[PDB]
Amino acid sequence: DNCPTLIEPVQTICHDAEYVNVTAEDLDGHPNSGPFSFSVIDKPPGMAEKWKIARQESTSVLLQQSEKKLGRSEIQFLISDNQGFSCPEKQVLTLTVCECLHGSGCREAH
Amino acid sequence: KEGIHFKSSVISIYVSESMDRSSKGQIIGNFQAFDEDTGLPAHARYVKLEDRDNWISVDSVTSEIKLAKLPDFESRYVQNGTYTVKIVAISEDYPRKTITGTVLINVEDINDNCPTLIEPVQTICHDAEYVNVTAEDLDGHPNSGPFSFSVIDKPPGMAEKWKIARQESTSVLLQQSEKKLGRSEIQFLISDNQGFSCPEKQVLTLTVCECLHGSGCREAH
């Protein structure tokens, strides 16, 4: 009676990254579960498709760029749980970039 | 039969210092009192002692303890990375009894300070070629470490005129190739090991002159 969600839907990533990983969570689960289905959105042209999918696992997804640009972009999602319940909330991600140096860490100052 | 006692003589907590985003209103714990004979909770009224900078507050009705300032790791009252406050809790109806305790809060460092040019000004003789300027950062390591100094690419050709020629953890030695008895204006850019640099400018005023043997600049006035 609940639908999957994105758990950090505002995420920074390193400049030199070519893949991004994000988890989804669902308010309800096993027993009534299996692996989730992830898809993104490609319509309209020139505007929608900044990211696409490369790998998918039960509870998380691995994304890859379409034009490889740097900065602020939205990634519009379609996510269903196994048995397929639907809710009026729209599923989304927003991504932006930092210059990384301290491993994963943004080099920036306070 | 005996009066109020503490379940711990001292309590100890940890936190980060402040820069920019720190939360107000902060709670850290309680200081409950008990009958010594059975350990069932008693009531007391509470007072604060020797808070040297006003960081802490106390609520008698809960024995709770609460923060009233933002923490600073460079503070003149912070020692070994710790700050102390003393509490006393005191009973009601006769005989009245006082019992003492302490709060220890530990504070970690942020790179909230930036290296500045402590040596804005120097005067230099006609046989010299090298001049030394120091910076200072107000954090310790890691939050300072070996500094990086540079001097900017404007005006055209200034790298032929005055340049960095050796560098230390705190400091830099300039050289000269202009070979002239006047003024130069030497903007530095300057980081600490973590990459932080001041929003404000850092510039050396430097005067080169003709000098007497073993003395400053020449004088006809």
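Residues numbered from 1 in each chain as written, not as in the entry; some residues may be left out. Chains lettered and ligands numbered in written order. Part of a larger assembly, values for the part shown. Heavy atoms only, no water.

Regarding how it was determined, this PDB entry cites cryo-EM in its header, along with a resolution of 26 Å.

With that out of the way, let us pick up the sheet that holds strand 4 (residues 33-35) of chain B. If you trace the three strands from one edge of the open sheet to the other, you get 1-4-5 (chain B), paired in antiparallel fashion. Looking at strand neighbours, the two that pair on one side only are strand 1 (4-6) and strand 5 (41-42) of chain B, the edges of this open sheet. (Pairing = 2+ DSSP bridges. Helix = DSSP H or I, 4+ residues; strand = E, 2+ residues; numbered from the N terminus.)

With that settled, the discussion passes to the sheet that holds strand 14 (residues 148-151) of chain B. Residue and element names in this part refer to chain B. Taken in spatial order, the four strands make up an open sheet running 12-18-17-14, and their pairing is mixed. Because the sheet does not close on itself, it has two edges, and the strands there are strand 12 (121-124) and strand 14. Neighbour-to-neighbour, the strand axes of the sheet open up by a mean angle of 30°, direction not taken into account. The pairing of strand 12 with strand 18 (residues 202-208) spans four bridges and is classified as parallel. Opposite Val121, over in strand 18, you have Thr205 as the bridge partner. (Axes fitted to C-alpha atoms, helices over the stretch in contact; angles between N-to-C directions.)

Attention now goes to the packing of aromatic side chains. All names here are of chain B. Applying the stated criterion across every chain yields a total of four aromatic pairs over all chains. The interplanar angle of 15° and the centroid separation of 4.3 Å between the aromatic rings of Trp55 and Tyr83 together place this pair among those described as stacked. With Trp55 in the loop between strand 6 (45-49) and strand 7 (56-59) and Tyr83 in strand 9 (residues 82-90), this residue pair connects regions lying 28 residues apart in the sequence. Side by side, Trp55 and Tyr83 carry an identical accessibility label, which is buried. Across the ring face of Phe34, the terminal group of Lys7 is positioned such that the distance to the ring centre comes to 6.0 Å. (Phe/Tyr/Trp six-rings, centres within 6.5 Å; stacked < 30°, edge-to-face > 60°. Buried < 20%, exposed > 50% of the residue type's maximum accessible area, 1.4 Å probe, protein only. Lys NZ or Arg CZ within 6 Å of the ring centre and 35° of its normal.)

Right, let's talk about the pattern of salt bridges for a bit. Close approach of charged atoms allows side chains of opposite charge to pair. Under the defined criterion, the tally for this structure stands at seven salt bridges over all chains. Across the salt bridge formed by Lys43(A) and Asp42(A), the nearest N and O atoms sit 2.8 Å from each other. Using a relative accessible area of 62% as the deciding quantity, one classes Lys43(A) as exposed. Assessed through its relative accessible area of 37%, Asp42(A) is described here as partly exposed. Across the pair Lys86(B) and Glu50(B) runs a salt bridge whose closest N-O atoms are separated by 2.8 Å. Of this pair, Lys86(B) sits in strand 9 while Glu50(B) sits in the loop between strand 6 and strand 7, and the two are 36 residues apart along the sequence. Residue classification places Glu50(B) among the exposed residues on the basis of a relative accessible area of 56%. (Salt bridge = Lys/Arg side-chain N within 4 Å of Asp/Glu carboxyl O.)

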